[PDB]
Amino acid sequence: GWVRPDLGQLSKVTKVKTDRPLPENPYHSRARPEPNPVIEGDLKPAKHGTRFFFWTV
Amino acid sequence: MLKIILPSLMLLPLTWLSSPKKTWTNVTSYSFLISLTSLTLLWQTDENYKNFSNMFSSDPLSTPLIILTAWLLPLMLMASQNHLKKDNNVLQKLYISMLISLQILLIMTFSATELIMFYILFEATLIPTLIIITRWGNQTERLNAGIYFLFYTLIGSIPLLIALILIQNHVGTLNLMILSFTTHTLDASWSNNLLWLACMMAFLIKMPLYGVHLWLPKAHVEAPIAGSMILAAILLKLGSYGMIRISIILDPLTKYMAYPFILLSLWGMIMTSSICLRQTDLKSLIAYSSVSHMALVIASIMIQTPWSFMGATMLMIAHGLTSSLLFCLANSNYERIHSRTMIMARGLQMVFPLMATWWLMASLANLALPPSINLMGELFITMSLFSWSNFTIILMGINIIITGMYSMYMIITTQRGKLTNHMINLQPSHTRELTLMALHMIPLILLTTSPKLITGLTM
Ligand SMILES: CCCCCCCCCCCCCCCCCC(=O)OC[C@H](COP(=O)([O-])OCC[N+](C)(C)C)OC(=O)CCCCCCCCCCCCCCCCC
């Protein structure tokens, strides 16, 4: 009772059911380093101007 | 300070917008009014300093220099408005603009509260006097004189900039009062010795110190009259003011590091007074006299005594006035006879009696006739130097003897004696130049009358 597959049938992506668990870390990755502690807060003006030598503002 | 700076700034649009028949009159009158406004800095009824703003302040040391600059601007205009009559209008206005810019920048330099701004205005004052000397000088050697002046000052001032940036990095602000309060004692290493030399050599160059004084005689000879006046009456004092301002953070190693410069000052004032004795050029003689007087100022600032500081301030003001007066008298003779030879014009007492009186009074101020502020400064410098070491009185006495000798030699060879009757082109006198001599002599008389104004920081 075998039927030859048509054109385009063997070449398509098929789902498959398995009881094998999904590997959570396939790359055996180490722990990612934490990012820099980003600074939050309101943007206050510069204290006493630019503070470039003798310039007041 | 802004009430003095702003109308001095507005003098430039007045210069460029005035009619060519009214430019000299308007600029001279409003610069006189500028000086009268600048006289309000003497209202010091307290021990505090008049800190006008965050970048401008007044001092018992800065105030006489500012008043002298504001007073010298109209005198420079009156001195220079005769050799520019055969001159283009835009060039005359440019010359007036150069003088006004010099006055503005010098006032800002003396009123500066921050040493980097002091250095910026130092070089800003370096520019237009170079322009004046190079463009309106008379002989060929004005170009070499301008190069010598510019590059002596620049090679001095570059390590000053490096030292100022180092002190700013070490302390934080480079503000004068902050440094004066949070002064730290240096540990006297080779790095600190080099730092000391870096922050002192610029001012020593512009004083000028002996051995590095070679820019001054040719610059003063080749300069026009206003350039000679502003040089000999403000810029050397600017060097001394820088020395007084920067010396507060150089403790304690200035005590032993001052040794070569004191010796250079004393022996150089003797040598330059000897050059004045044997000098064939009148402006060169006045220039070397300026070198000797500034050597006295150098020695006082190096020995760092309160008497020395007061004598330094009094000698600064007195020498500025009398050196400008001597240069103006020499320029009157130069505009008469078109020469600077010492011995060429001899019997000028006969033809110019009142000008001979001005010559005599200027020379008596030069040789420190009592009770003038010249003698006040020289005497207190001598007192402080004798306290520093009793053997300095020999060098001081030799310098005083040669000073009187060259001053009276100048008087005798320029006024006394038989008249050079071949000089047919001796115009009698200009009311302008007689007024210029009077405007030099009268403030000397008034400061002699009240010497408390120019005592300075220490007393
Ligand atoms: C008008 C005179 C010109 C010549 C003399 C000028 C001054 C001579 C003495 C000072 C050295 C040169 C200027 C250095 C400026 C900075 C000083 C400073 O910050 O010192 C502390 C610093 C030291 O830095 P520091 O203070 O941070 O030291 C760290 C110390 N510890 C680690 C203990 C905390 O000194 C220097 O960096 C000096 C290096 C100078 C090297 C280059 C010299 C070149 C030649 C100079 C003269 C060139 C012109 C003349 C040429 C000939 C003309 C005839």
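Residues numbered from 1 in each chain as written, not as in the entry; some residues may be left out. Chains lettered and ligands numbered in written order. Part of a larger assembly, values for the part shown. Heavy atoms only, no water.

- Looking up chain B in the PDB entry gives the name NADH-ubiquinone oxidoreductase chain 4, with the organism given as Mus musculus.
- This deposition appears in the PDB under the title "Closed Complex I from murine liver".
- Quoted verbatim from the Function heading of the UniProt record, the comment on chain B is "Core subunit of the mitochondrial membrane respiratory chain NADH dehydrogenase (Complex I) which catalyzes electron transfer from NADH through the respiratory chain, using ubiquinone as an electron acceptor. Essential for the catalytic activity and assembly of complex I."
- Its UniProt record gives chain B the following Sequence similarities comment, quoted word for word: "Belongs to the complex I subunit 4 family." (UniProt positions renumbered as here; feature names shortened; annotations may be inferred.)

- As annotated in the PDB entry, chain A carries the name NADH dehydrogenase [ubiquinone] 1 alpha subcomplex subunit 8 and comes from Mus musculus.

A word on the packing of aromatic side chains
All names here are of chain B.
- The tally for this structure, following the rule as stated, stands at 15 aromatic pairs over all chains.
- Ring centres of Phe 32 and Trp 71 lie 5.7 Å apart, and the angle between their planes is 50°; on these two criteria the pair is classed as tilted. Here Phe 32 is found in helix 2 (residues 23-38), whereas its partner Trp 71 is found in helix 3 (residues 62-80), with 39 residues between them in sequence.
- Residue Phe 32 is classed as partly exposed on the basis of its relative accessible area of 24%.
- Measuring from centroid to centroid gives 5.8 Å for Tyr 259 and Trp 388, while their planes differ by 50°, and the two rings are tilted. (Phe/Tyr/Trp six-rings, centres within 6.5 Å; stacked < 30°, edge-to-face > 60°. Helix = DSSP H or I, 4+ residues; strand = E, 2+ residues; numbered from the N terminus. Buried < 20%, exposed > 50% of the residue type's maximum accessible area, 1.4 Å probe, protein only.)

Observations regarding the nonpolar core
Residues and elements named next belong to chain B.
- In terms of nonpolar packing, the biggest core is built from 159 residues, with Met 200, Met 243, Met 302 and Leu 329 touching the most fellow members.
- If you tally residues by element for this core, the top one is helix 14 (residues 306-337), at 16 residues.
- Not counting chain neighbours up to four residues away, the residues in contact with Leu 329 comprise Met 355, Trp 358, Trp 359, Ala 362 and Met 437. (Core = buried A, V, L, I, M, F, W, Y, C linked by side-chain atoms within 4.5 Å. Contact = heavy atoms within 4.5 Å.)

Section: the site of the ligand
Residues and elements named next belong to chain B.
- Within the structure, the ligand sits among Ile 155, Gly 156, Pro 159, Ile 162, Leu 166, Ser 191, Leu 194, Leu 195, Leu 197, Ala 198, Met 201 and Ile 205.
- Alone, the ligand offers 1200 Å² of accessible surface; in the complex the protein occludes 38% of this.
- Elements represented by at least two residues in the shell around the ligand include exactly helix 6 (142-171) and helix 8 (190-206).
- Take the shell around the ligand: its biggest share by element is 7 residues, from helix 8.
- Along the lines of polarity and charge, the residues of the shell around the ligand split into 10 nonpolar, 2 polar and no charged. (Near = heavy atom within 4 Å. Areas by Shrake-Rupley, 256 points an atom, 1.4 Å probe, with all protein chains shown as cover. Nonpolar A, V, L, I, M, F, W, Y, C, P; charged D, E, K, R; others polar.)

Digging into helix 14 of chain B
Residue and element names in this part refer to chain B.
- Its 32 residues give helix 14 an end-to-end C-alpha distance of 46 Å, which sits within 8% of 46 Å, the value for a rise of 1.5 Å per residue.
- Across the 32 residues of helix 14, 30 count as buried, placing the element largely inside the fold.
- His 338, located one to two residues past helix 14, shows a positive phi value of around 55°. (Expected span 1.5 Å × (residues − 1).)

Observations concerning the pattern of salt bridges
Residue and element names in this part refer to chain B.
- For the coordinates displayed, the defined rule picks out 4 salt bridges over all chains.
- A salt bridge links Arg 336 to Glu 433; the shortest N-O distance between them is 2.4 Å. With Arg 336 in helix 14 and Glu 433 in helix 19 (residues 431-449), this pair connects stretches of sequence that are 97 residues apart. Each member of the pair, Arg 336 as well as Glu 433, carries the same accessibility label: buried.
- Note that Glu 433 is salt-bridged to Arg 432, the shortest N-O span being 3.8 Å. (Salt bridge = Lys/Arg side-chain N within 4 Å of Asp/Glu carboxyl O.)

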